[PDB]
Amino acid sequence: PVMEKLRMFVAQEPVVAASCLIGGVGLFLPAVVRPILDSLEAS
Amino acid sequence: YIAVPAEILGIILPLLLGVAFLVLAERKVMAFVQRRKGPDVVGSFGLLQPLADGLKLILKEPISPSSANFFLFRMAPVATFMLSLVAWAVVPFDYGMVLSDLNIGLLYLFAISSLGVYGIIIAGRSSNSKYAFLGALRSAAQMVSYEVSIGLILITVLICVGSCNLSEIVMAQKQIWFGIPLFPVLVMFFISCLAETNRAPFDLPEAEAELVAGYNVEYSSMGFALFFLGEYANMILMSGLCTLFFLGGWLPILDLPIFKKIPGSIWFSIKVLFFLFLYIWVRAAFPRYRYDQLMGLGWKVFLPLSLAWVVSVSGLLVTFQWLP
Amino acid sequence: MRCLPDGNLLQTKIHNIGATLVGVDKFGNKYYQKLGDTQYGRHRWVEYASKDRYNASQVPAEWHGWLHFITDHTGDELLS
Amino acid sequence: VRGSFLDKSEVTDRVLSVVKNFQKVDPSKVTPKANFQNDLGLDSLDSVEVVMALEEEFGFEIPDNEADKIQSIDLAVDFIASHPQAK
Amino acid sequence: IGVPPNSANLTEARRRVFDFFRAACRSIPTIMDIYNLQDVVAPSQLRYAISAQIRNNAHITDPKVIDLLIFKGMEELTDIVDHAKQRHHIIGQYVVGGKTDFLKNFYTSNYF
Amino acid sequence: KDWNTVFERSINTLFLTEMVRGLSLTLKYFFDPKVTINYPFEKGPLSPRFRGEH
Amino acid sequence: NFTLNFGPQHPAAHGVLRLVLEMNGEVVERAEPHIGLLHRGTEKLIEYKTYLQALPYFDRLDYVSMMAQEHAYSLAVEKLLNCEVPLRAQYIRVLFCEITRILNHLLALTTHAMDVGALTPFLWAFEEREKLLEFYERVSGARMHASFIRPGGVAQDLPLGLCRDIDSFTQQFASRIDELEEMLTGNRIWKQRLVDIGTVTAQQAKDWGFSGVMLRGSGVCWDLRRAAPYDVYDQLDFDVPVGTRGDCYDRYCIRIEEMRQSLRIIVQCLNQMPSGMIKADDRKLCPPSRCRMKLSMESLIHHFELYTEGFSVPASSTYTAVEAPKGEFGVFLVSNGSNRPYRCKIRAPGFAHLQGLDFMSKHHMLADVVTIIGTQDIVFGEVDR
Amino acid sequence: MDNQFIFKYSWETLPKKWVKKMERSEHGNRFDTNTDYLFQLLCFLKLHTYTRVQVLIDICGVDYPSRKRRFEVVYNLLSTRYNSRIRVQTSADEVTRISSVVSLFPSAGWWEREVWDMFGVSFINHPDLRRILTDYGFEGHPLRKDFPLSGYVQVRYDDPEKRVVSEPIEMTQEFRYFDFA
Amino acid sequence: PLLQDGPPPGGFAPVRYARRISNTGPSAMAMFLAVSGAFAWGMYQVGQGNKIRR
Amino acid sequence: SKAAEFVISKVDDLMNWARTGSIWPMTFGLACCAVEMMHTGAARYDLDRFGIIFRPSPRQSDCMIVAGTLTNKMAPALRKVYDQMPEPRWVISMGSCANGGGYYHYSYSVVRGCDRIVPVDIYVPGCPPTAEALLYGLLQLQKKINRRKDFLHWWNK
Amino acid sequence: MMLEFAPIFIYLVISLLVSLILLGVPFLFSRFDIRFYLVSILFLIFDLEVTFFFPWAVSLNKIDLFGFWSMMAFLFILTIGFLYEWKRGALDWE
Ligand SMILES: CCCCCCCCCCCCCCCCCC(=O)O[C@@H](COC(=O)CCCCCCCCCCCCCCC)COP(=O)(O)OC[C@H](O)CO
Ligand SMILES: CCCCCCCCCCCCCCCCCCCC(=O)O[C@H](COC(=O)CCCCCCCCCCCCCC)COP(=O)(O)OCCN
Ligand SMILES: CCCCCCCCCCCC(=O)SCCNC(=O)CCNC(=O)[C@H](O)C(C)(C)COP(=O)(O)O
Ligand code: SF4
């Protein structure tokens, strides 16, 4: 039942969770969005 | 080069005056929050208080305890004071108003900050007092701990700007002040500046009542004054750095002719004054952390958040091709 | 000109603005009051005759009670 | 070469002198076999005194459960002459 | 560690006396260092003073009095060592480092 | 317990919301008049019962 | 283990506080207070005084809660004399006791807060302290050592207008308490400095003789004003706050609530204050009026007797305790029939509380020691006597 | 739990040889016991279900020079369980050690140190029995009636020795004893 | 004399002793939304400024 | 020397102005007098406004306020702290206890006046002196400091 | 160009002279705590991290995606080390 374990982790470690979200956005954008933007430019 | 010493003195002397009056302003604001007056007898509105205190200090006999580190004991305050002074060589107050237009100025500031720890360490060790030594060790550890977060925030600004030149960092904020998109980074930077300058709520050397002796407890006369002056000059410098990196330095709030009438040095000064007021206000508002709590905050909160902001800013700017 | 070095005297000169002269004693000290409410209505003070070398012990007995809110009688009424 | 025990003759002379110059011991009954109580006119307090004097002169502490057996000069010299802590 | 019960008889009290005397004598070098006495008095004179104090009370026959004297001696030794009050010729209560007495006292005052 | 309450706790912790109120009411006293007495021109109140110099 | 010898020779941390701590790094292994630095021989001095001359010694024991100790000593003397106090005097006594409790709690809370780095609440609270000192001075002519509460009642009646000014103070004091609280109560730094610091179980509190806030913080509902009431406390409404965690934070909250309840009691005393005498009417133990002594022989004789020899107290002995701001303050008084106390043993709560510092501070950080000292509310005048 | 119930129940339940004197008075219920039974009596009162005397409020000495056992040691105790107070007393002399009650009440530690400092009564099994109030190296026991009010010595700074030192007292104006009896 | 200091007829006006509740303060979503929107729009502006500088 | 004396007097006036305008007392808070001293430093009297700042270390202190009873046990600690104070330095005795032993004068454990341990410049009477009385005592200290002629005495030595 | 460093040297000389004047005018009238070593080690590691960040930050416009991901891998290794330190209690000062 890992959907309140994540809830508990966020409640108890807000700083670590926020850091993971911010850095994960920073990693997700070049990994996913950038190739999409490059593909839309080719066509 | 013959006129260079005149420029250097025109920096150093008004800075020393500004520190002398920052002490008075701290006392005044603290008093007014506390529903009292603060210095108002020595001179009109207490404006002669700093000169009297400095005169008292120079007229005080030096002690120089019978230690085996006679040279080091007096040189430590000299080191910290000189380091506090020399950071201002690269600080621009307006377009073209700067002593040294260093291309590597950001890293130079980081280096000066990293050098600041030695005065405290040497004062603690040379004083021949276990309490001073322990306090100095704790203060040094705190400063090195928060230096990591300061450096990472510097990297975030550098990614946005693409140059280590402080004037270029200012002029890169013509479109928008960096403190608007990076507001949490600015809050983090201000807190890290508080911790790095041993200021409340991080002022361990001020916690004598908490059985925590400061690193300068054995100092008297002008060595103690040198430590104090270096600390307050560093407070002014941290306010200036907050202004440069996030509030657009000498730039006006809005790119309009009405705002462009007033000189850029005045904009820079006003922002610096706001940050100094926040220094005093914070000291007036809150109690202090324990050493262990603030170390935990340094390593467990500010480092991960600073690194995350580095990653997020760089990834976003690379993705949409908004790099400088 | 004593205001520039002596900030204590400056505060008295500022707060004398709008004040009422209540009396003068045998040493030339001047006594003022406001009749407002800032320090819970306590608005009595003395301007010492000597603008330098003033000292609290120079207040005579007839005015000491008035100055310390011990009595509402001024020095003049006590002397009469 | 380095050793770990003081020489027997040296310890004998040292203890003999300590007993001879103590307070109440005429340097004529002090023989390398003389007993503190029976032959030196010393009470138990004085014998404890002498044993404590043996400690200072050789720079180390003699156990309380061992001092009860040092009753003459021969037993003393037997003890200190083989104790490594003796100096 | 804790305060022991009163000595049941003179034998065990004498044993406690000997233990106290050993503890007092073994602390002499610490006292010499603390008070800087190297050039003021020999360690044996300290030992002799302690033993003389023990001897001046050799007439006591009540074990409880002996136990109390030992307790007080331990407290005085502890204060001498742990909380030394340096004077010059005086440690705690001991001075360290042709006419009869009546004439001297008479020349001194009327209160003998 | 619930995503909304956990989110509200996280924001409050991250944004130092409770530290703002202390700053605000410290600033309110900044503009109010001061209680300091301008000794020796002004004195504190005393009563006829005051026990001073015999 | 290393040994840090901490003596703050300044009122930042008491002033005669002297601590020997054994540390394992920054962790406290054992705390050993060294006391007697303010031992002034009070209990010996009292035996050389008449019962009236002894009274000012009690102002100087817990010299932040002056009138409370005055009250306790007067009660002990009244108990041995079987002396009846008039109701108006009872009400004045309780009113001043609760003013004293507020004076003590303000000082204790804000000196602790300043010790852990919160500077402003001290100034804010000390202005209110100044207002309460003015009530002390208006009734006694002294800001602190009033010697106002005496065997038989109080020294003098209230000056006209005092009750109105006290009412004016009460109308605004709740906002001052609220400001102190908003500065401290919810602040994350304040909670981090006080939560789970110096935990005390109820069994530990009983074992170490804890009283007052030090005992109620551990969940033990015990207040002498309700358990063994005196004066007019049984005619008054107030709550007894108790803790649930037994730590420094609970004790801070309890002290705040106690200030609120003291305000409540003061309001009730102001409204229920009756008219009549402020001194017991037995003419063998109380001073006559100035005009009576100048007009009547019997009065003059009694005045002469009272101020030279003092009254006698029949041979007896008893222990009398009150709920002082710092906890149970007790006096063991022994009388031999003469005009001087034969023996006066003073039972100070700070003596028990400071003795508990060793077990309270075990395994805590160095910086928590001052926090624990502050939560104990130690004044060495009563610890040392 | 009133003082009538405590008096009657303690008479019925306590071992007889523990209590020599029992007083019931509005000044307090009082039990006097020999020194050898003090510890057991206090343990009984603390542990027994119908007494639950859990708090030791204080211990103090009283000097009676006219008595063969001049010192009287008074134990003031409290039952928060039953909202009642009890006083237990025993007598002592200058050389007879009495039992410590630290193992029963940890609060006793310092009160016993104080009795020893002020009066000179010693306590068996006390873990750390040294003076607590007087100056280091103090001689005598100040609360004894024969100890003079100003003591025997005073202190002053001595410039030649560069230290504070102790000398026999010298009084500029002696304490005046006013005998109104 | 017969006049003593005491309450007026009817007693003194009632006084509050309990804590007063101030206010909740700024919403969490509002602060999250303001910071997130400022970040997004400001980073877009940073890109525009970088283009102009280039 | 019609010109040297004027310059010397001006120098001494400057030194005295500096030393009176920045007095940094260390507080020896021993007993009840320390509470009135705390009130003197509080908002109503605000010793800060006279330039008076209280220091934790004797090394940064120009003045020692002895506020309360001095016991024989405490006297060595007071003297050692006084001996760490750098020159020039002054001592203010506050309250009857510090002045002459006060209510405890005849006790076996009390020093009969702190002037038996350290030289005293100003005595502030009272038990306790009011906060305003302490402020008056500090103004008397200023008056004493303003009679100094250090530069003139050294020029002539 | 290195021309701009000369004013810094002259500034240092003047600041030193001011220091000597101010300091010299008044002369006219055994408990090893490993956690400090550990915090020193952590500071050393993240000091080198900042060092390596500087050229990367100024070079992002030229190194593009490859440089970004190479620095990301560097950071991944160092952050695994940081997680190891965090779990082992190197970041706890209690
Ligand atoms: C704290 C943050 C942790 C982040 C951890 C997650 C990321 C770790 C790095 C994982 C490797 C890359 C994963 C990302 C996948 C997307 C890669 C991608 O987008 O492809 C680009 C190419 O990306 C790469 O090839 C870079 C790979 C990074 C190297 C990672 C090391 C992998 C193994 C190396 C072996 C060497 C031995 C290791 C020594 C220890 C395309 O670029 P281009 O070919 O169009 O032009 C090149 C560039 O734009 C101009 O300079
Ligand atoms: C024009 C005005 C400009 C003003 C500029 C300066 C602003 C003022 C700064 C000073 C404010 C007062 C300073 C005194 C407080 C110091 C104490 C800080 C304690 C601390 O850091 O706590 C941590 C949270 O705060 C933190 O973590 C702080 C960093 C917060 C960064 C936010 C990170 C996420 C933001 C969301 C971004 C999302 C959008 C982008 C996608 C968590 O530690 P704890 O132990 O105290 O926990 C207990 C939580 N109750
Ligand atoms: C610097 C110094 C610090 C420490 C100072 C300590 C001062 C302590 C002063 C008090 C010491 C005492 O008297 S402690 C009490 C001493 N009193 C007794 O022992 C009485 C019984 N008598 C005997 O045992 C024998 O007469 C005896 C000769 C002693 C031995 O036995 P022998 O005949 O079989 O040798
Ligand atoms: S002089 Fe009075 S107020 Fe001051 S410490 Fe002594 S007894 Fe307390």
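Filter the GluC sites (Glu not before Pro) in chain D to those in DSSP coil with at most 16 other Cβ atoms within 10 Å of their Cβ, and list the result.
D:61
Over 25 Å apart: what share of the alpha carbon pairs of chain H falls there, rounded to a whole percent? Tail of the P(r) past 25 Å holds 46 percent of the pairs. Between residue H:145 and residue E:56, what FRET efficiency follows from the Cβ-Cβ distance if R0 is 30 Å, with the result rounded to 0.05? Rounded to the nearest 0.05, the efficiency is 0.60.
Can you give me the angle between helix F:3-15 and the longest principal axis of chain F, using Cα atoms only, in degrees from 0 to 90, rounded to the nearest 10? For F:3-15 against chain F, the angle is about 50 degrees. Take every pair of alpha-carbon atoms less than 8 Å apart whose residues are at least six positions apart; their mean separation over the length of region B:72-216 yields a relative contact order of 27 percent.
Note on chain D: semi-axes of the ellipsoid equivalent to its C-alpha gyration tensor, largest first and rounded to whole Å, are 21, 14, 10. Equivalent-ellipsoid semi-axes for region B:67-160 (Cα gyration tensor, √(5λ), whole Å, largest first): 31, 17, 7.
When the convex hull of its Cα atoms is viewed from all sides, region B:198-324 shows a mean projected area of 11.7 nm².
Basic side chains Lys and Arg get +1 at the Cβ, acidic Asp and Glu get -1 at the Cβ, and with that the dipole of region K:5-88 about its Cα centre reaches some 200 debye.
State whether chain A is rounded, prolate or oblate according to the following rule on the C-alpha gyration tensor (a ≥ b ≥ c being the square roots of its eigenvalues): a/c under 1.5 gives rounded; otherwise a/b larger than b/c gives prolate, and the remaining case gives oblate. Taking the square roots of the gyration eigenvalues as a ≥ b ≥ c, chain A is prolate. Relative to the compact-globule estimate of 2.2 N^0.38 Å, the Cα radius of gyration of region H:78-141 comes out at 1.26.
Given +1 at the Cβ of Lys and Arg, -1 at the Cβ of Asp and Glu and no other charges, the dipole of the protein assembly as shown around its Cα centre is 1840 debye to the nearest 20. Taking a label point 7 Å from the Cα of residue A:42 along the Cα→Cβ vector, which residues of region K:55-91 have an amide N closer than 19 Å to it? Under 19 Å, as judged by backbone N against the label point of residue A:42, lie K:65-66 of region K:55-91. Based on alpha-carbon atoms, the Kirkwood radius and the radius of gyration of region G:29-140 give Rg/Rh equal to 1.05. A viscosity of 1.567 mPa s and a temperature of 4 °C, combined with the Kirkwood radius over C-alpha pairs in the Stokes-Einstein formula, give region G:183-293 a diffusion coefficient of 76 µm²/s. Taking only Cα atoms, what is the 0 to 90° angle, nearest 10, from helix I:28-53's long axis to the longest principal axis of chain I? Rounded to the nearest ten degrees, it is 30.
Ranking D:70, D:83, D:11 by Cα position along the charge dipole of chain D, where only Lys, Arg, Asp and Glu carry charges on their C-beta atoms, puts D:11 farthest toward the positive end.
How would you rank G:125-133, E:10-18, highest first, on the average number of other Cβ atoms within 10 Å across their residues?
Values: G:125-133: 20.8, E:10-18: 16.1.
The packing order, highest mean first, is G:125-133, E:10-18.
As a size descriptor, the averaged projected area of the C-alpha convex hull of chain G was calculated at 18.8 nm².
In whole percent, what relative contact order does chain G give with Cα contacts below 8 Å and a gap of six or more residues?
Across chain G, relative contact order equals 26 percent.
Modelled this way, with points 7 Å down the Cα-to-C-beta line, the labels at residue B:265 and residue A:5 are 6.3 nm from one another.
Over the C-alpha trace of the protein assembly as shown, radius of gyration and Dmax come out as 37.4, 133 angstrom.
Once C-alpha pairs closer than 8 Å and six or more residues apart are averaged by separation and normalised to the residue number of region D:3-86, the relative contact order reads 42 percent. Return the distance in nm (one decimal) between the two label points of a simple spin-label model at residue E:26 and residue C:53, each offset 7 Å from Cα along Cα→Cβ. Each label point is offset 7 Å from its Cα along the Cβ direction, giving 7.3 nm.
Taking 23 Å as the limit for the C-alpha separation, the pairs B:60/B:130; C:26/F:34; G:206/H:20; B:37/F:28; B:56/J:10; C:51/F:34 exceed it in the case of B:60/B:130; C:26/F:34; G:206/H:20; C:51/F:34. Once Rg and the Kirkwood radius are both taken over the C-alpha atoms of region E:1-97, their ratio Rg/Rh works out to 0.99. With all pairs of separate Cα atoms included, chain I yields a Kirkwood hydrodynamic radius of 17.7 Å.
Once you have a ≥ b ≥ c as the square roots of the Cα gyration tensor eigenvalues for chain B, tell me rounded if a/c is under 1.5, and otherwise prolate or oblate according to whether a/b is larger than b/c. Cα axes put chain B in the prolate bin.
Averaging 1/r over every pair of different alpha carbons in region G:113-235 and inverting the result gives a Kirkwood radius of 18.2 Å.
Its DSSP H runs of at least 4 residues, each contributing -39,500 (n - 2.57), put the calculated 222 nm mean residue ellipticity of chain G at -15500 deg cm²/dmol, to the nearest 500. Per residue of H:153-163, other chain Cβ atoms within 10 Å of the residue Cβ number 5 on average.
If Rh is defined by the Kirkwood formula over all Cα pairs and Rg also comes from Cα, what ratio Rg/Rh do you get for region G:250-333?
1.15
Approximating the spin labels as points 7 Å out from Cα along Cα→Cβ, the residue J:156-to-residue A:28 distance works out to 8.7 nm. Could you state, as a whole-number percent, how many of the C-alpha pairs of chain C are farther apart than 14 Å? Summing the P(r) of chain C above 14 Å gives 63 percent of all pairs. Considering all C-alpha pairs of chain J, those separated by over 26 Å amount to 30%. The angle between the Cα long axis of helix G:120-140 and the longest principal axis of the Cα atoms of chain G comes to about 10 degrees, rounded to the nearest 10.
Around residue G:324, which amide H atoms from residues at least 5 apart in sequence, or from another chain, sit under 5 Å from its own amide H, with H modelled in the peptide plane? Close amide H contacts, sequence-distant or interchain: G:329.
The C-alpha atoms of region B:1-140 occupy a region whose extents along the principal axes are 48, 41, 31 Å, arranged from largest to smallest.
Using a/c under 1.5 as the rounded threshold, could you call region K:5-88 rounded, prolate or oblate? The axes a ≥ b ≥ c are square roots of the C-alpha gyration tensor eigenvalues, and prolate needs a/b larger than b/c, oblate otherwise. Oblate. Each 10 Å bin, from zero up to the one with the longest distance, holds this percent of the alpha carbon pairs of region J:16-55: 29, 51, 19, 1.
Computed from the coordinates by the stated procedures, all read-outs in this text should not be read as laboratory data. Please note: Cβ atoms are built from the backbone with ideal geometry, for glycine as well, and neighbour counts cover all protein chains shown.
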